[PDB]
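Reviewing the structure listed below.
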Amino acid sequence: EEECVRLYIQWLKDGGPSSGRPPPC
């Protein structure tokens with residue numbers, strides 16, 4: 001479906017803004 005949101009949502013899965021990472025997409 002997505003390619004960069006995919007990397008993003010993957011970020012969402014880790015935590016999103018609640019994760020230790022900044023948003024990738």
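Sequential numbering from 1 applies to the sequence shown in PDB author numbering. Cβ atoms here follow ideal geometry from the backbone N, Cα and C, with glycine treated the same way.
Straight-line Cα distance separating residue j from residue i
| i | j | result |
| --- | --- | --- |
| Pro23 | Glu1 | 18 Å |
| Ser18 | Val5 | 17 Å |
| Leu12 | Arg21 | 9 Å |
| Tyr8 | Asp14 | 10 Å |
| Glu3 | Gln10 | 10 Å |
| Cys25 | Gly16 | 11 Å |
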